[PDB]
């Protein structure tokens, strides 16, 4: 499916931003449109983008139905497993 | 709680027309973006930076959030309020 949890990874240091979406492609386009404008929801990801340019790759981590409870659970799951909060670009829990 | 709304500049009545599944929620996100200088509408962002605390949010039409219907009514109000040429909505 086109829904589930994904990651935006900095190919230079492997740090990631974990997110969830109903449509991966549409979500990724939105996130990069914001980055290009300097307005991504994560100031950590934005500053990384500002500094390194576009060294990021988007990819699906887990395809799952966009179900509120399941999404929050798996989104926080991946954040913890990839340590994307402390050593990533996430700024909070799902 | 869903439908078409407007963010109006009470100084000149110019508006930004938008749609939402949850009015209060949408307005909250739009103003946080304005405070951060990150509203998707640069025209609204500039107006906000220039005039400050003069904007008022209100519902134009309450209707269930059905993509097509929303789009149609969204366009109806944009044209009715001339919000693209003399407003804060993005021009085609």
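Starting from residues that are surrounded by 12 or more Cβ atoms within 10 Å (Cβ to Cβ) and over 12 Å from the mean Cα position of the chain (by Cα), keep the ones in segment B:50-71 and report whichever is nearest to residue B:10 (Cα to Cα).
Restricting to residues being surrounded by 12 or more Cβ atoms within 10 Å (Cβ to Cβ) and over 12 Å from the mean Cα position of the chain (by Cα), the top hit is B:54.
Looking at this structure, is residue B:36 farther than 21 Å from residue B:81 by Cβ and loosely packed, with under 12 Cβ neighbours inside 10 Å?
So residue B:36 fails the test.
Quick one: in segment B:14-25, which of the residues that are more than 9 Å from the chain's Cα centre (by Cα) and more than 11 Å from residue B:4 (Cβ to Cβ) is surrounded by the most Cβ atoms within 10 Å (Cβ to Cβ)?
This residue is B:14.
From B:66, B:61, B:74, grab the single residue that is farther than 23 Å from residue A:39 by Cα and free of Cβ contacts under 8 Å to residues at least 12 places away in the same chain.
Result of the check over B:66, B:61, B:74: B:66.
Mind checking which helices (runs of 4 or more DSSP H) fall wholly inside chain B and carry at least 1 residues that are within 14 Å of another protein chain (Cβ to nearest Cβ), touching a helix residue (DSSP H, G or I) at 6+ places or on another chain (Cβ under 9 Å) and under 26 Å from residue A:41 (Cβ atoms)?
B:23-35, B:42-51
Given (1) more than 13 Å from the chain's Cα centre (by Cα); (2) within 26 Å of residue B:38 (Cβ to Cβ), where does residue A:92 come up short, assuming only one miss?
(1)
Laboratory data are not the source of any read-out in this text; all were calculated from the coordinates shown. No Cβ is skipped: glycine too gets one built from the backbone with ideal geometry, and neighbour counts run over all protein chains shown.
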